[PDB]
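Student: To start, I am sharing the structure in question, which I have written as structure tokens.
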Amino acid sequence: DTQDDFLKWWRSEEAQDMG
Amino acid sequence: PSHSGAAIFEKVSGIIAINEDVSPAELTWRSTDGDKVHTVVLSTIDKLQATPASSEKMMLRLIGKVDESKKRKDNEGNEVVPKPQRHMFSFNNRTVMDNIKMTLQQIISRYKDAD
């Protein structure tokens, strides 16, 4: 449940730079 | 110094410690108490990753190698990339991060470049 979000925020933070 | 640093793994805190006394260098997360020890031989690792500088939090990953399923695409096309089994370590120091980044990255790449 939590580890699942861990792979999400990693991409979320990446999509932030990839604007 | 340039092999270890206090990391957090499985909700418990400790140190991450890369050892090259042994057979292909292994990364060892051991809890602060020392009870929990998890060793990762880097020869089985494909990549490693870290938190982007835009993010304040400190994280390293150990991207373990995958099945040979890197094989060509499926009959239905699929276009598949084999999902890696990876490890994730939480730090709270950038120096540690960069050192652990480098330490893992280089040894891993020593198995890649193999020189």
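Going through the structure tokens in order, the chains are called A, B, and so on, while each chain numbers its residues from 1 and the ligands are numbered from 1 in the order shown.
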Any chance you could list, as a PyMOL selection string, the residues in chain A that come up helix (DSSP H, G or I) when DSSP is run on the backbone?
Tutor: chain A and resi 2-17
Student: Those residues with C-alpha atoms, as a CSV table (one decimal), in the first residue's frame please?
Tutor:
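out-v8.csv written:
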```csv
chain,number,residue,atom,x,y,z
A,2,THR,CA,2.8,2.4,1.0
A,3,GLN,CA,5.5,1.0,-1.2
A,4,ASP,CA,3.1,1.5,-4.1
A,5,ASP,CA,3.1,5.3,-3.5
A,6,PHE,CA,6.9,5.2,-3.2
A,7,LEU,CA,7.1,4.4,-6.9
A,8,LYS,CA,4.5,7.0,-7.6
A,9,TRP,CA,6.1,10.0,-6.0
A,10,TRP,CA,9.4,9.1,-7.7
A,11,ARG,CA,7.7,9.5,-11.1
A,12,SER,CA,5.6,12.4,-9.8
A,13,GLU,CA,8.8,14.3,-8.9
A,14,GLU,CA,10.2,13.3,-12.3
A,15,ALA,CA,7.2,14.6,-14.2
A,16,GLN,CA,7.6,17.8,-12.3
A,17,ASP,CA,11.0,18.4,-14.0
```
Student: Excluding residue B:23 and its own-chain neighbours fewer than 5 positions away, which residues fall within 12 Å of it when counting only C-alpha atoms? Please give them as a list in words.
Tutor: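 Within the cut-off, the hits are residues 18, 39, 40, 41, 42, 43 and 44 of chain B.
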Student: Save the residues we just selected, N, CA, C and O atoms, as an mmCIF file, in the first residue's frame?
Tutor:
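Result written to again26.cif:
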```cif
data_model
loop_
_atom_site.group_PDB
_atom_site.id
_atom_site.type_symbol
_atom_site.label_atom_id
_atom_site.label_comp_id
_atom_site.auth_asym_id
_atom_site.auth_seq_id
_atom_site.Cartn_x
_atom_site.Cartn_y
_atom_site.Cartn_z
ATOM 1 N N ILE B 18 28.526 -0.688 1.859
ATOM 2 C CA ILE B 18 29.027 -1.429 0.716
ATOM 3 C C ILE B 18 30.397 -2.006 1.033
ATOM 4 O O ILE B 18 31.311 -1.292 1.448
ATOM 5 N N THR B 39 22.221 -7.923 2.850
ATOM 6 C CA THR B 39 23.365 -7.783 1.966
ATOM 7 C C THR B 39 22.962 -7.958 0.498
ATOM 8 O O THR B 39 22.231 -8.884 0.148
ATOM 9 N N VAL B 40 23.436 -7.041 -0.338
ATOM 10 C CA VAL B 40 23.125 -7.009 -1.763
ATOM 11 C C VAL B 40 24.405 -7.090 -2.597
ATOM 12 O O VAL B 40 25.103 -6.096 -2.752
ATOM 13 N N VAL B 41 24.710 -8.256 -3.146
ATOM 14 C CA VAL B 41 25.868 -8.386 -4.029
ATOM 15 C C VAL B 41 25.596 -7.663 -5.350
ATOM 16 O O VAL B 41 24.662 -7.993 -6.087
ATOM 17 N N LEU B 42 26.428 -6.677 -5.626
ATOM 18 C CA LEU B 42 26.205 -5.712 -6.697
ATOM 19 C C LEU B 42 26.276 -6.333 -8.089
ATOM 20 O O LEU B 42 25.806 -5.741 -9.059
ATOM 21 N N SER B 43 26.848 -7.523 -8.189
ATOM 22 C CA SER B 43 26.920 -8.225 -9.468
ATOM 23 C C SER B 43 25.519 -8.602 -9.959
ATOM 24 O O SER B 43 25.303 -8.809 -11.155
ATOM 25 N N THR B 44 24.562 -8.662 -9.037
ATOM 26 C CA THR B 44 23.201 -9.044 -9.384
ATOM 27 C C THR B 44 22.354 -7.808 -9.662
ATOM 28 O O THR B 44 21.155 -7.903 -9.922
#
```
Student: Residues of chain B within 9 Å of chain A: nearest atom pair and distance (Å, one decimal) for each, counting only C-alpha atoms, sorted by chain and number, as a tab-separated table?
Tutor:
```
residue	atom	partner	partner_atom	distance
B:51	CA	A:10	CA	7.6
B:52	CA	A:14	CA	7.6
B:54	CA	A:13	CA	7.7
B:55	CA	A:13	CA	7.2
```
Student: When DSSP works through the backbone of this structure, what residues of stretch 33-99 of chain B end up as strand (DSSP E or B), shown as a PyMOL selection string?
Tutor: chain B and resi 37-41+45-50+58-64+74+77+85-91
Student: Please determine, counting only C-alpha atoms, which residue among B:95, B:31, B:105, B:2 has the shortest atom-to-atom distance to residue B:62.
Tutor: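 Between B:95, B:31, B:105, B:2, the residue approaching residue B:62 most closely is B:105.
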Student: For stretch 71-88 of chain B, please output as a VMD selection string all residues within 7 Å (counting only C-alpha atoms; exclusion window: fewer than 5 positions along the same chain).
Tutor: chain B and resid 59 to 66
Student: For residue B:106, find every residue with an atom within 12 Å (counting only C-alpha atoms), except residues of its own chain fewer than 4 positions away, and show them as a PDB file with N, CA and C atoms, in the first residue's frame.
Tutor:
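Ended up saving to selection-v8.pdb:
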```pdb
ATOM      1  N   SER B   2      33.389   6.464   2.271  1.00  0.00           N
ATOM      2  CA  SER B   2      32.856   6.349   0.918  1.00  0.00           C
ATOM      3  C   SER B   2      32.390   4.925   0.602  1.00  0.00           C
ATOM      4  N   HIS B   3      31.674   4.322   1.543  1.00  0.00           N
ATOM      5  CA  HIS B   3      31.078   3.002   1.348  1.00  0.00           C
ATOM      6  C   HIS B   3      29.833   2.835   2.204  1.00  0.00           C
ATOM      7  N   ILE B  18      28.526  -0.688   1.859  1.00  0.00           N
ATOM      8  CA  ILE B  18      29.027  -1.429   0.716  1.00  0.00           C
ATOM      9  C   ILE B  18      30.397  -2.006   1.033  1.00  0.00           C
ATOM     10  N   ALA B  25      31.235  -6.980  -4.916  1.00  0.00           N
ATOM     11  CA  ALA B  25      30.925  -6.046  -3.829  1.00  0.00           C
ATOM     12  C   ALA B  25      29.468  -6.055  -3.454  1.00  0.00           C
ATOM     13  N   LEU B  42      26.428  -6.677  -5.626  1.00  0.00           N
ATOM     14  CA  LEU B  42      26.205  -5.712  -6.697  1.00  0.00           C
ATOM     15  C   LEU B  42      26.276  -6.333  -8.089  1.00  0.00           C
ATOM     16  N   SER B  43      26.848  -7.523  -8.189  1.00  0.00           N
ATOM     17  CA  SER B  43      26.920  -8.225  -9.468  1.00  0.00           C
ATOM     18  C   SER B  43      25.519  -8.602  -9.959  1.00  0.00           C
ATOM     19  N   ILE B  45      22.986  -6.647  -9.592  1.00  0.00           N
ATOM     20  CA  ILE B  45      22.304  -5.389  -9.766  1.00  0.00           C
ATOM     21  C   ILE B  45      22.482  -4.837 -11.180  1.00  0.00           C
ATOM     22  N   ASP B  46      21.407  -4.281 -11.716  1.00  0.00           N
ATOM     23  CA  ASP B  46      21.401  -3.737 -13.065  1.00  0.00           C
ATOM     24  C   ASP B  46      21.592  -2.223 -13.032  1.00  0.00           C
ATOM     25  N   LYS B  47      20.922  -1.553 -12.098  1.00  0.00           N
ATOM     26  CA  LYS B  47      21.019  -0.105 -11.987  1.00  0.00           C
ATOM     27  C   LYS B  47      20.980   0.323 -10.526  1.00  0.00           C
ATOM     28  N   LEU B  48      21.181   1.603 -10.302  1.00  0.00           N
ATOM     29  CA  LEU B  48      20.895   2.217  -9.020  1.00  0.00           C
ATOM     30  C   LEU B  48      20.442   3.647  -9.243  1.00  0.00           C
ATOM     31  N   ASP B  98      25.291  11.201  -2.012  1.00  0.00           N
ATOM     32  CA  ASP B  98      26.182  11.324  -3.156  1.00  0.00           C
ATOM     33  C   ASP B  98      27.269  10.252  -3.127  1.00  0.00           C
ATOM     34  N   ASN B  99      27.778   9.967  -1.936  1.00  0.00           N
ATOM     35  CA  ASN B  99      28.803   8.950  -1.757  1.00  0.00           C
ATOM     36  C   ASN B  99      28.247   7.562  -2.038  1.00  0.00           C
ATOM     37  N   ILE B 100      27.114   7.240  -1.428  1.00  0.00           N
ATOM     38  CA  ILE B 100      26.435   5.974  -1.686  1.00  0.00           C
ATOM     39  C   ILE B 100      26.027   5.902  -3.159  1.00  0.00           C
ATOM     40  N   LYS B 101      25.536   7.009  -3.709  1.00  0.00           N
ATOM     41  CA  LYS B 101      25.242   7.081  -5.138  1.00  0.00           C
ATOM     42  C   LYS B 101      26.439   6.611  -5.943  1.00  0.00           C
ATOM     43  N   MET B 102      27.540   7.317  -5.750  1.00  0.00           N
ATOM     44  CA  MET B 102      28.780   7.060  -6.451  1.00  0.00           C
ATOM     45  C   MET B 102      29.307   5.651  -6.203  1.00  0.00           C
ATOM     46  N   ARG B 110      31.516  -1.127 -12.809  1.00  0.00           N
ATOM     47  CA  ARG B 110      32.755  -1.895 -12.953  1.00  0.00           C
ATOM     48  C   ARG B 110      32.447  -3.301 -13.447  1.00  0.00           C
ATOM     49  N   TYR B 111      31.228  -3.750 -13.184  1.00  0.00           N
ATOM     50  CA  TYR B 111      30.766  -5.050 -13.646  1.00  0.00           C
ATOM     51  C   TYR B 111      30.170  -4.922 -15.043  1.00  0.00           C
ATOM     52  N   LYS B 112      29.883  -3.689 -15.421  1.00  0.00           N
ATOM     53  CA  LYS B 112      29.333  -3.381 -16.730  1.00  0.00           C
ATOM     54  C   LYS B 112      30.440  -3.130 -17.742  1.00  0.00           C
ATOM     55  N   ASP B 113      31.355  -2.244 -17.384  1.00  0.00           N
ATOM     56  CA  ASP B 113      32.500  -1.931 -18.227  1.00  0.00           C
ATOM     57  C   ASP B 113      33.510  -3.063 -18.151  1.00  0.00           C
ATOM     58  N   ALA B 114      33.589  -3.630 -16.948  1.00  0.00           N
ATOM     59  CA  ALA B 114      34.351  -4.847 -16.673  1.00  0.00           C
ATOM     60  C   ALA B 114      35.840  -4.659 -16.912  1.00  0.00           C
ATOM     61  N   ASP B 115      36.312  -3.449 -16.689  1.00  0.00           N
ATOM     62  CA  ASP B 115      37.726  -3.142 -16.828  1.00  0.00           C
ATOM     63  C   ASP B 115      38.316  -2.805 -15.473  1.00  0.00           C
TER      64      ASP B 115
END
```
Student: By how many Å are atom CA of residue B:30 and atom CA of residue B:93 apart?
Tutor: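 One can read the atom CA of residue B:30 to atom CA of residue B:93 distance as 17.0 Å.
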Student: So that I can see what lies close to residue B:6, please list as a PyMOL selection string the residues with an atom at most 8 Å from it, counting only C-alpha atoms and leaving out residues fewer than 5 positions away in the same chain.
Tutor: chain B and resi 13-16+91-92+96
